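K.L.:
Once you've seen the sequence and the experimental structure below, I've got questions.
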Amino acid sequence: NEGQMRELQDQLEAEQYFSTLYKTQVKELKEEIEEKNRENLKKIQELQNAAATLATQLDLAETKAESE
Amino acid sequence: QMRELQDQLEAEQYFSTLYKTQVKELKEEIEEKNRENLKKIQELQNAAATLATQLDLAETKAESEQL
């Protein structure tokens, strides 16, 4: 009977180990995802800047053309 | 008592499984993102191409109308 107990306890310690391990894996991945979203957003913002200049030059060309 | 210990073991087992499944979901999500990004960048490239071509034609025309 004490054997059953000892074995169950062993099992429990094992699963505590794995449970913890994967619990941290999740955390890491969540962090990684958040980083990727941040970085992605930043790069899109840079693209938007790059496009803005074109848009303005065309705007001013257009209105300037619309005066003459 | 050891029924308590059985229950606790099974709760832990539940959690280990749960976390493994969550990891697989998240890895999936990451891959899908890496796909979607790629695709969208390519779409942007296509959309820029047209403007590029029109500008090229324009620049030729402007150079040629010169005196």
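P.N.:
On my side now, so go ahead. Numbering: from 1, shown residues only, chains lettered A, B, ... in the order given.
K.L.:
quick one, phi/psi of the closest residue to residue A:30 other than its chain neighbours?
P.N.:
Closest residue in space to residue A:30, ignoring its immediate chain neighbours: residue B:26 at 6.9 Å, by C-beta to C-beta, 6 or more residues apart in numbering or on different chains. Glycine gets a C-beta too; all of them are placed from N, C-alpha and C. Backbone torsions for residue B:26, taken as degrees, to the nearest 10, come to phi -60, psi -40.
K.L.:
Go ahead and confirm residue B:26 touches residue A:27.
P.N.:
No - in this structure, residue B:26 sits apart from residue A:27 without contact. The criterion is C-beta atoms under 8 Å, and the distance is 10.2 Å.
K.L.:
Neighbour count for those two, which is higher?
P.N.:
Neighbour totals were compared for residue B:26 and residue A:27, and residue B:26 leads with 17 against 11 (other C-beta atoms under 10 Å in any protein chain shown).
K.L.:
In contact with the residue of chain A found nearest chain B, which residues?
P.N.:
Here chain A gets closest to chain B at one residue, residue A:22, 3.4 Å apart by C-beta to the nearest C-beta. Remark: with contacts taken as C-beta atoms under 8 Å, 6 or more residues apart in numbering or on different chains, residue A:22 is in contact with B:16, B:19, B:20, B:22, B:23.
K.L.:
nearest to chain A, of these?
P.N.:
Distances from chain A to the contacts of residue A:22, taken by C-beta to the nearest C-beta, are shortest for residue B:19, at 3.4 Å.
K.L.:
Within the helices and strands, which one has the closest one?
P.N.:
Taking DSSP states H and E as the definition, one finds residue B:19 inside helix B:3-65.
K.L.:
Let me know the angle separating that helix from helix A:2-67.
P.N.:
Taking axes from the mean of the first three to the mean of the last three C-alpha atoms, to 10 degrees, one finds that helix B:3-65 is oriented at 20 degrees with respect to helix A:2-67.
K.L.:
Can you give the distance of helix B:3-65 from its chain's centre?
P.N.:
Taking C-alpha atoms, centre = their mean, to the nearest Å, the mean C-alpha location of helix B:3-65 is offset from the chain mean by 0 Å.
K.L.:
Having no further points to raise, I will conclude here.
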